[PDB]
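Chemist:
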Ligand SMILES: Cc1cccc(C(=O)O)c1Nc1cc([N+](=O)[O-])ccc1C(=O)O
Ligand SMILES: Cc1cccc(C(=O)O)c1Nc1cc([N+](=O)[O-])ccc1C(=O)O
Ligand SMILES: O=P(O)(O)OC[C@H]1O[C@H](OP(=O)(O)OP(=O)(O)O)[C@H](O)[C@@H]1O
Ligand SMILES: O=P(O)(O)OC[C@H]1O[C@H](OP(=O)(O)OP(=O)(O)O)[C@H](O)[C@@H]1O
Ligand SMILES: [Mg+2]
Ligand SMILES: [Mg+2]
Ligand SMILES: [Mg+2]
Ligand SMILES: [Mg+2]
């Protein structure tokens, strides 16, 4: 394989041969690619329209180079709650809040996360502001998961070889196929998740990658553009189960939720967003709670799919709400903060 | 304007707004674009499908930054004979040989040229092997043109600010929109030309750029893939005159030209291709001579267009053949060599 061969194929609008995307990614992640080659590949793959096979190869190479969690430390039914980001709306940290609630309902959560790329405060930034340790390596994430019920895998900590693509992605600015990879490369490799996708036309491709792994995942795109299940309108859900992908539209009104305005979900800096988390876990009613409960329920539905759509959602909403109302979610965050200080 | 705005528009498969392509090219030419940005732009422009407007903007910026020739030193009827290269056939240097013959026939030639990128020996390489000084500056090119009847503008000498782009292009190794720019950026700005294009689907775009300038040009693509008028089969000609383009099919059988095999036009290294030039100029009969006379005639037809198709060709073929047969073409090369030495 070569860069002229692979780039030529992509610029002729042809799907790559098996292994070529993987060759390319490994060149990038071993530091052997020129910035121009990285850029050309990212842009060419994006404009050609990447396939699930190709994206699966890219994610596969990343996982092959990632720091793994130690053996037998991740429950077979662990779940992720994470998105691509890049929706350009700068909301409160819905995945992060949902993840805490889900863990507090008793579902093991091993969350992939990162700092913001465009938003004011990313999930890692807000957790940091809350006193949660976002710097833990493999051993300690495994202990967090065992002792607290949730572990946070800070992406740069687990994916140091991905640094080689970092400057190039920033310099070109524009989203590419690489913006699909975050949720696909959780180093603990949980088999269930509620996965946000900001890019409506590529969500199906992400879903295809999870289907090839036989993951139980809901890939979600709010029809208002959010990489979350939204409360302002319907959401599109690519449901992944038993290796197949089913496309659905989801309306929260079907479960008694009132329509919200997008500005009701607006975020701010790390301190402002940390305060927003504290308010929801404290039992404040309103639009931010509703969106958290909705997304937590989605994660629980994905979890249930590891082993029907309507009762699953009803049970998910019931469990997410109870996890907040009992105080369990607020207590879990406190215990998480205390685990880190120890 | 910004790289994210422009790259975003292109990856959305949208034509650029007026002036955006020029903005981008000026950033590249001033050393202000990162290699990753250069590469992203080249690839995105190529896959979106460039317009004549866009390519014209890129060319315009290069000419703005190029070393010009001194005022009133280029004849108003000067002609170029040059192609994109990149046809992957590795032939003898047909444009270079044609240019010498055309000049010997009395048509002033200010040739844009460069070393090979893929071939074993490009026009510049073969001229160097013949003893011609290829790297002369504006003042001396102008003197060459007046005293010898031909001048050669070495692209890297006249377009020093293009070095950032040229480097990225070698790194990604695949043809892009930038491979159209050579024939479009002759620093002497001749108004006529015989212009080869290796890319059949983009020749019409090149022709459009020349039309906007109201040049008299034949943009040519051999139906065997050559960026030259071929003798192995028919050629497509985008004839540019009166600011309009019309596409023609051209068969040299109509002028008594026998079919050649592409193998008979095969080239080698600079010394072998220099030998091929000497052989043609020395009056050897055969497929190479035929191909040279045909392309020489084409340039003379373009020159005439600055002012009927078939009579123009007949006159061009007669003048080309005679320029060789009288030894005028051999003697002009000898004078060209002496000029550079003295
Ligand atoms: C995967 C990943 C690993 C290491 C660094 C980065 C980084 O870019 O800094 C990274 N990217 C993401 C990580 C997550 N994530 O959830 O951990 C989400 C999105 C992205 C992204 O760049 O689009
Ligand atoms: C324009 C130009 C200017 C400076 C350098 C280069 C280079 O790349 O080295 C260059 N490119 C070409 C120049 C000519 N030319 O006729 O002088 C022909 C083709 C090309 C090309 O790369 O496609
Ligand atoms: O700056 P952006 O590109 O817009 O990304 C915003 C955040 O979304 C992603 O994580 P995640 O879904 O886990 O965070 P969340 O809690 O805010 O939803 C990403 O890792 C960022 O932390
Ligand atoms: O390596 P390549 O990409 O295949 O290009 C072959 C040559 O063709 C172009 O010039 P020109 O038309 O003037 O040269 P010629 O005499 O060989 O036709 C280009 O500048 C190269 O010198
Ligand atoms: Mg999210
Ligand atoms: Mg989000
Ligand atoms: Mg040529
Ligand atoms: Mg050629």
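Protein chains in written order, with the deposited numbering: chain A, 25 to 331, 335 to 369; chain B, 25 to 331, 335 to 369.
Beta carbons are placed, not taken as given, at the ideal position from N, Cα and C, and that holds for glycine.
1. For residue 35/A, which residues in chain B fall below 7 Å Cβ to Cβ?
2. Please report the straight-line C-alpha distance between residue 46/A and residue 34/A, rounded to a whole angstrom.
3. Tell me whether the beta-carbon of residue 273/B lies closer than 8 Å to the beta-carbon of residue 254/B.
4. Going by other Cβ atoms of all chains shown within 10 Å of its Cβ, with 16 needed for buried, is residue 335/A buried or exposed?
5. Alpha carbon to alpha carbon, what distance is there between residue 200/B and residue 285/B?
6. Taking the alpha carbon of residue 320/B as the reference point, which residue from 288/B, 275/B, 104/B, 214/B has its own alpha carbon closest?
7. Does residue 220/A come within less than 8 Å of chain B when only Cβ atoms are used?
8. Against residue 62/A, what residues of chain B qualify as contacts under a CB-to-CB distance less than 9 Å, listed in chain order?
9. Indicate whether residue 93/B and residue 179/B have their beta-carbon atoms separated by less than 8 Å.
10. If you pair each beta-carbon of the stretch 111-127 of chain B with each one of the stretch 307-318 of chain B, do three or more pairs fall below 8 Å?
11. Does any residue of chain B have a CB that is nearer than 8 Å to the CB of residue 253/A?
12. Taking the beta carbon of residue 37/A as the centre, do at least 16 other beta carbons fall within 10 Å, making it buried, or is it exposed?
13. Confirm, please, whether the CB-CB distance from residue 192/B to residue 235/B is below 8 Å.
14. Going along the chain, which residues put their C-beta within less than 5 Å of some heavy atom in ligand 5?
15. For the beta strand (DSSP E) that residue 104/A lies in, which residues bound it at each end?
16. List the residues of chain A whose Cβ lies closer than 9 Å to the Cβ of residue 278/B, in chain order.
17. If we cut at 8 Å on Cβ distances, does residue 78/B have a partner in chain A?
18. Compare the C-alpha of residue 107/B against each of 353/B, 223/B, 327/B and name the closest.
19. Under 7 Å Cβ-Cβ, which residues of chain B neighbour residue 28/A?
20. Could you tell me the boundaries of the alpha helix (DSSP H) in which residue 193/A lies?
21. Can you tell which of 133/A, 194/A, 322/A, 195/A has its C-alpha closest to the C-alpha of residue 177/A?
22. Can you list, in chain order, the residues of its chain with a C-beta nearer than 6 Å to that of residue 159/B? Leave out the 5 residues immediately preceding and following it.
23. Just verifying my parser: in three-state terms, what is the DSSP assignment at residue 344/A?
24. Since residue 31/B meets chain A, which of its residues come closer than 8 Å, beta carbon to beta carbon?
25. At a Cβ cut of 7 Å, what residues of the stretch 170-196 of chain A count as close to chain B, listed as they run along the chain?
26. Please identify the residue among 78/A, 29/A, 216/A whose C-alpha is closest to the C-alpha of residue 202/A.
27. Please classify residue 271/A as buried or exposed, where buried requires at least 16 other C-beta atoms within 10 Å of its C-beta.
28. At 3 residues or longer, what runs of the beta strand (DSSP E) sit wholly inside the stretch 225-251 of chain B?
29. Would you kindly check if the distance between the Cβ of residue 360/B and the Cβ of residue 196/B is under 8 Å?
30. By Cβ distance below 7 Å, which residues in the same chain neighbour residue 250/A in space, the five residues on each side in sequence not counted?
31. Between which two residues does the alpha helix (DSSP H) carrying residue 88/B extend?
32. Provide the residue span of the alpha helix (DSSP H) that contains residue 183/B, from first to last.
Modeler: Concretely, from the data shown:
1. On the first chain, position 11 is the one that residue 35/A refers to. Per Cβ cutoff of 7 Å: 67, 70, 71, 198.
2. On the first chain, position 22 is the one that residue 46/A refers to. On the first chain, position 10 is the one that residue 34/A refers to. Computed Cα separation, rounded: 14 Å.
3. By one-based count along the second chain, residue 273/B stands at place 249. By one-based count along the second chain, residue 254/B stands at place 230. Contact flag unset, no.
4. Stepping through the first chain from its first residue, residue 335/A is reached at position 308. Exposed.
5. The residue given as residue 285/B occupies position 261 in the second chain. The residue given as residue 200/B occupies position 176 in the second chain. In this structure, the alpha-carbon of residue 285/B lies about 29 Å from that of residue 200/B.
6. Locating residue 320/B in the second chain gives position 296, where the first residue counts as 1. Considering only alpha carbons, the answer is 104/B.
7. Here residue 220/A refers to the residue found at position 196 of the first chain. So, not an interface residue.
8. Within the first chain, the letter at position 38 stands for residue 62/A. Those are 60, 63, listed as they occur along chain B.
9. Along the second chain, one-based indexing puts residue 93/B at 69. Along the second chain, one-based indexing puts residue 179/B at 155. Against a cut-off of 8 Å, the Cβ pair of residue 179/B and residue 93/B comes out as no contact.
10. Counting Cβ pairs under 8 Å, three or more are found: they touch.
11. Position 229 of the first chain holds residue 253/A. For residue 253/A, the answer is no, since every Cβ of chain B falls outside 8 Å of its Cβ.
12. Position 13 of the first chain, counting from 1, holds the residue named residue 37/A. Under a 10 Å Cβ-count criterion, residue 37/A is classified as exposed, with fewer than 16 other Cβ atoms of the shown protein chains found around its own Cβ.
13. Locating residue 235/B in the second chain gives position 211, counting from the first residue. Locating residue 192/B in the second chain gives position 168, counting from the first residue. No, Cβ-Cβ distance for residue 235/B and residue 192/B is not below 8 Å.
14. Residue selection by CB proximity (closer than 5 Å to any heavy atom of ligand 5) returns 107/A, 119/A, 220/A in chain order.
15. As a position in the first chain, residue 104/A is number 80, starting the count at 1. Following the DSSP letters along the chain, one finds residue 104/A inside the beta strand (DSSP E) bounded by residues 103-107.
16. Within the second chain, the letter at position 254 stands for residue 278/B. Within 9 Å Cβ-Cβ: nothing; residue 278/B doesn't reach chain A, min ~35 Å.
17. Against the second chain, residue 78/B aligns to sequence position 54. Chain A has no Cβ within less than 8 Å of the Cβ of residue 78/B.
18. The count along the second chain starts at 1 and reaches residue 107/B at position 83. When 353/B, 223/B, 327/B are compared, the shortest CA-CA separation from residue 107/B is found for 223/B.
19. Along the first chain, one-based indexing puts residue 28/A at 4. Chain B residues near residue 28/A: 197, 198.
20. Here the question's residue 193/A lines up with position 169 in the first chain. It spans 187-196 - the alpha helix (DSSP H) in which residue 193/A sits, taken as one unbroken run.
21. Taking the first chain and counting its residues from 1, the one referred to as residue 177/A is at position 153. Residue 133/A holds the alpha-carbon nearest to the alpha-carbon of residue 177/A among 133/A, 194/A, 322/A, 195/A.
22. The residue you call residue 159/B lines up with position 135 of the second chain. Closer than 6 Å at Cβ, skipping near neighbours: 178, 181.
23. For this step, residue 344/A is matched to residue 317 along the first chain. DSSP places residue 344/A in helix when its eight states are reduced to three.
24. Sequence index remark: in the second chain, residue 31/B carries index 7 (1-based). For a Cβ distance threshold of 8 Å, residue set 67, 196, 197, 198 of chain A lies close to residue 31/B, ordered along the chain.
25. For the stretch 170-196 of chain A, residues whose beta-carbon sits nearer than 7 Å to a beta-carbon of chain B comprise 192, 195, 196.
26. What you label residue 202/A is simply residue 178 of the first chain in a count that begins at 1. Measuring from the Cα of residue 202/A, the nearest candidate turns out to be 78/A.
27. Translated into the one-based positions of the first chain, residue 271/A becomes position 247. Classification of residue 271/A: exposed, given that the 10 Å Cβ count is below 16.
28. Complete beta strand (DSSP E) runs here, min 3: 240-246.
29. Here residue 196/B refers to the residue found at position 172 when the second chain is read from its first residue. Here residue 360/B refers to the residue found at position 333 when the second chain is read from its first residue. No; because the gap between Cβ atoms is not below 8 Å, this pair is not in contact.
30. Taking the first residue of the first chain as 1, we reach residue 250/A at position 226. Hits under 7 Å: 111, 113, 115.
31. Within the second chain, numbered from 1, the residue matching residue 88/B stands at position 64. Taken as a continuous stretch (DSSP letters only), the alpha helix (DSSP H) holding residue 88/B covers 76-89.
32. Along the second chain, one-based indexing puts residue 183/B at 159. No alpha helix (DSSP H) holds residue 183/B; DSSP gives it neither H nor E.
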